[PDB]
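Enquirer: Okay, here's the structure, questions in a sec.
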Protein chains: 4
Amino acid sequence: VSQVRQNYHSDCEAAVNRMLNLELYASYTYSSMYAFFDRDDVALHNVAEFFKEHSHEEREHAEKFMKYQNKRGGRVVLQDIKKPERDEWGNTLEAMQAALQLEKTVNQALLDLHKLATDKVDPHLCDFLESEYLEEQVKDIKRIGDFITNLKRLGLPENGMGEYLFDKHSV
Amino acid sequence: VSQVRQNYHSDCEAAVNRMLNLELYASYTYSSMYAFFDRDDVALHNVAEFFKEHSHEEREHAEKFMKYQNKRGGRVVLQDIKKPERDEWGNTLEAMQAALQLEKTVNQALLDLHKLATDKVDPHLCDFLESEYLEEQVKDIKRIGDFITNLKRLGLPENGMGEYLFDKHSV
Amino acid sequence: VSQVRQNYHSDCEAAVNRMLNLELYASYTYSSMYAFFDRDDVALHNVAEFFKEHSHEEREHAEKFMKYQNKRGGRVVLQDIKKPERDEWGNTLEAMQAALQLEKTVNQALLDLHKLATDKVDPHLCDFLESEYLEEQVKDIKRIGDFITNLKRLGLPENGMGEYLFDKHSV
Amino acid sequence: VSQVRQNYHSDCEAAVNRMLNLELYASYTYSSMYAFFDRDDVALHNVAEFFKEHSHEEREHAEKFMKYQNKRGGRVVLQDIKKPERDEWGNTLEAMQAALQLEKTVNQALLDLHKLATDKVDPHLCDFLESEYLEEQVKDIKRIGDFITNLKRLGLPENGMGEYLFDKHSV
Ligand SMILES: [Cl-]
Ligand SMILES: [Cl-]
Ligand SMILES: [Cl-]
Ligand SMILES: [Cl-]
Ligand SMILES: [Cl-]
Ligand SMILES: [Cl-]
Ligand SMILES: [Cl-]
Ligand SMILES: [Cl-]
Ligand SMILES: [Cl-]
Ligand SMILES: [Cl-]
Ligand SMILES: [Cl-]
Ligand SMILES: [Cl-]
Ligand SMILES: [Cl-]
Ligand SMILES: [Cl-]
Ligand SMILES: [Cl-]
Ligand SMILES: [Cl-]
Ligand SMILES: [Fe+2]
Ligand SMILES: [Fe+2]
Ligand SMILES: [Fe+2]
Ligand SMILES: [Fe+2]
Ligand SMILES: [Fe+2]
Ligand SMILES: [Fe+2]
Ligand SMILES: [Fe+2]
Ligand SMILES: [Fe+2]
Ligand SMILES: [Mg+2]
Ligand SMILES: [Mg+2]
Ligand SMILES: [Mg+2]
Ligand SMILES: [Mg+2]
Ligand SMILES: [Mg+2]
Ligand SMILES: [Mg+2]
Ligand SMILES: [Mg+2]
Ligand SMILES: [Mg+2]
Ligand SMILES: [Mg+2]
Ligand SMILES: [Mg+2]
Ligand SMILES: [Mg+2]
Ligand SMILES: [Mg+2]
Ligand SMILES: [Mg+2]
Ligand SMILES: [Mg+2]
Ligand SMILES: [Mg+2]
Ligand SMILES: [Mg+2]
Ligand SMILES: [Mg+2]
Ligand SMILES: [Mg+2]
């Protein structure tokens with residue numbers, strides 16, 4: 001047992017490792033979206049940079065879980081980072097839709113981890129999730145939903161002018 | 001009943017008073033460690049100052065509980081501050097080991113208070129503990145554990161050169 | 001065919017994708033080393049931060065290949081990022097030895113890519129590798145070799161005092 | 001023989017003169033595009049200025065070859081600068097398409113010169129091309145391709161509103 005370990009359940013330690021992997025997976029998906037929008041035959045650079053920024057954000061989320069694991073006396077265990085679901089992302093609307101679903105998947109995993117922490121009576125882990133993850137997640141989901149509403153308003157996927165306008169005025 | 005009192009259980013009020021006393025006890029133990037490392041036949045001044053700083057931190061923790069008690073309409077009840085367990089602390093490793101155990105004792109009391117607050121459905125007290133105590137406690141425990149690992153690496157208790165090096169490069 | 005594509009062989013495009021994956025793999029290995037040295041029972045924070053910085057450097061190398069691929073009209077194709085070879089890294093010497101071998105593996109892949117680019121008469125790709133990768137790689141290999149020499153001098157793996165001194169004066 | 005001349009093949013000297021002429025030709029084509037978009041019945045001033053800037057860039061490329069020729073002890077030999085292929089450029093999409101093809105023509109000539117320099121074992125000329133020409137060429141081709149993708153997205157040539165929007169938000 002680690003000398004620092006106190007009130008930290010094995011199940012929570014394992015779930016933190018799985019959560020870490022999911023954050024890395026989300027980062028990698030966003031990296032893929034960046035590369036797609038940077039293609040010469042897609043060429044929506046502000047959209048590309050939005051996804052690149054999100055990729056970095058998700059990596060930071062993962063690193064914060066590594067730090068957390070060690071602070072509690074748990075042990076970081078890494079697994080493969082699976083490649084993203086798609087190799088190409090269609091257009092701004094399809095990508096934003098995929099991002100919304102990804103964000104909700106990550107959110108569900110965070111909420112499940114919070115429930116586990118609650119069941120194991122771990123208020124430190126609860127606080128960590130509430131203070132560092134859950135609100136940023138709600139904010140991100142709201143921003144992406146707002147974007148989707150606007151992309152539909154702008155006539156996506158068919159309206160190329162609408163897609164151009166979004167890239168130039170929303171991101 | 002205090003005019004401000006709302007959703008504050010008698011059991012929680014009493015437990016806050018006991019927690020206050022424990023913080024003062026921890027402060028006093030750290031004061032003792034400061035005085036020991038300041039001895040001419042011990043003479044590890046950076047180590048002494050580390051413990052002096054922790055003594056002040058613990059006193060601040062106690063004062064914050066006094067303020068909390070009054071904010072909720074509870075009444076501060078003081079008891080004797082018991083003298084520390086030891087009069088002399090051996091060396092840097094023994095002292096850090098004692099500090100780790102003290103920090104875990106304080107942490108357990110905070111977690112027990114959080115459980116009581118949860119049982120009495122007191123979210124304000126839960127928030128207070130999570131926002132002002134529980135994370136600082138985890139951070140402090142991690143720092144002391146890290147120190148112990150390094151002190152063992154440096155050959156404590158036997159290696160006096162190792163002890164000197166720690167005082168000059170870690171604190 | 002991409003409208004921008006000129007003098008860019010399919011073999012080079014594929015090799016750039018494989019190189020990208022290797023950079024990500026190297027990043028992930030360094031992330032693992034960071035987490036290990038951040039453990040409470042390892043606790044060499046300057047060493048941890050060295051590896052964390054290298055993890056970020058390798059990610060930047062990967063992103064630069066993504067940008068390169070698109071600039072030439074190639075298409076980014078991502079694969080799984082394999083987890084690192086080890087879950088724990090022994091000590092500073094073992095980790096630095098693993099880092100040296102990793103850096104040489106990455107260097108060999110860069111040199112192989114340069115040879116392919118030479119065979120396909122692609123001076124732009126040659127220039128990119130020479131200007132952005134090959135010298136940084138030689139510099140990094142030299143720095144790590146220098147560290148290993150010093151760690152051996154300091155009596156690693158047995159000499160814990162030597163390991164402490166390295167963390168406090170070399171990184 | 002020039003007193004400075006060393007490892008400079010007659011074939012490379014002649015090819016540098018031809019390359020110089022091509023840069024001047026490219027400059028002149030861009031000047032024509034500037035004048036077209038400045039017409040009162042075309043009136044896309046940001047597009048005009050983009051081409052004017054490129055005209056100046058190409059002239060600078062030519063001047064750098066003159067300087068290069070003298071540095072190696074070769075002799076600058078000038079030929080007529082042929083007028084551009086067209087007197088009018090249709091619209092933003094047609095012009096960008098012509099610019100892409102022009103840039104690829106210039107790029108091919110640079111790559112051919114690099115191959116000649118390689119065959120004649122002239123690393124100074126290789127370095128000059130790689131360091132001063134080849135990457136700027138790839139960057140320019142990528143930018144123009146990105147523009148074409150966006151112009152098509154915006155409904156060019158038919159969509160006049162799309163053309164206006166491009167002029168006001170992309171250049
Ligand atoms: Cl535990
Ligand atoms: Cl507990
Ligand atoms: Cl457990
Ligand atoms: Cl696990
Ligand atoms: Cl009450
Ligand atoms: Cl209530
Ligand atoms: Cl009560
Ligand atoms: Cl009481
Ligand atoms: Cl090609
Ligand atoms: Cl070619
Ligand atoms: Cl090919
Ligand atoms: Cl591939
Ligand atoms: Cl010569
Ligand atoms: Cl020679
Ligand atoms: Cl000759
Ligand atoms: Cl000539
Ligand atoms: Fe995340
Ligand atoms: Fe996210
Ligand atoms: Fe305290
Ligand atoms: Fe404390
Ligand atoms: Fe790298
Ligand atoms: Fe590297
Ligand atoms: Fe040029
Ligand atoms: Fe050009
Ligand atoms: Mg376990
Ligand atoms: Mg998973
Ligand atoms: Mg798979
Ligand atoms: Mg918050
Ligand atoms: Mg009472
Ligand atoms: Mg007590
Ligand atoms: Mg007594
Ligand atoms: Mg709560
Ligand atoms: Mg907090
Ligand atoms: Mg291919
Ligand atoms: Mg590979
Ligand atoms: Mg495997
Ligand atoms: Mg070069
Ligand atoms: Mg260089
Ligand atoms: Mg001649
Ligand atoms: Mg010509
Ligand atoms: Mg003619
Ligand atoms: Mg360059």
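Sequential numbering from 1, following the chain as shown.
Recorded method for this deposit: X-ray crystallography, 1.5 Å.
Cβ coordinates are placed from backbone N, Cα and C, and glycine is handled just like the others.
Among the features that Swiss-Prot reports, domain 'Ferritin-like diiron' is placed at A:6-155. Taken from Swiss-Prot, the feature Fe cation 1 binding site applies to A:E23, A:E58, A:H61. Summarising the annotation, Swiss-Prot assigns Fe cation 2 binding site to A:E58, A:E103, A:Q137, A:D140.
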Enquirer: Give me the non-local Cβ neighbours of A:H61 (Fe cation 1 binding site): same chain, 6+ apart in sequence, Cβ-Cβ under 8 Å, ordered along the sequence.
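Expert: For A:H61 (Fe cation 1 binding site), the qualifying residues are A:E23, A:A26, A:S27, A:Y133.
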Enquirer: Other than A:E23, A:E58, A:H61 themselves, what residues in this chain have Cβ atoms within 8 Å of the centroid of the Fe cation 1 site's Cβ atoms?
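Expert: Not counting the recorded site residues, we get A:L22, A:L24, A:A26, A:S27, A:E57, A:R59, A:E60, A:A62, A:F65, A:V106.
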Enquirer: Could you check the binding-site residues A:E23, A:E58, A:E103, A:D140 and say which one's CB has the fewest neighbouring CB atoms inside 10 Å?
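Expert: Output over binding-site residues A:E23, A:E58, A:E103, A:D140: least Cβ neighbours within 10 Å is A:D140.
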Enquirer: Within 10 Å of the Cβ of A:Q137 (Fe cation 2 binding site), how many other Cβ atoms can you find? Include all protein chains, please.
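Expert: I count 19 other Cβ atoms within 10 Å of it.
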Enquirer: DSSP says what for the domain 'Ferritin-like diiron' (A:6-155): how many helix, strand, coil residues?
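Expert: Each residue of the domain 'Ferritin-like diiron' (A:6-155) counted once, the result is 115 helix, 1 strand, 34 coil.
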Enquirer: Using Cβ atoms and a cut-off of under 8 Å, determine which of the binding-site residues A:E103, A:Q137, A:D140 neighbour chain D, and list them by sequence position, or give 'none'.
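Expert: It is none; no candidate comes close enough.
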Enquirer: Please report the distance from the Cα of A:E103 (Fe cation 2 binding site) to the Cα of A:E58 (Fe cation 1 binding site), rounded to the nearest angstrom.
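Expert: That separation, Cα to Cα, works out to 10 Å.
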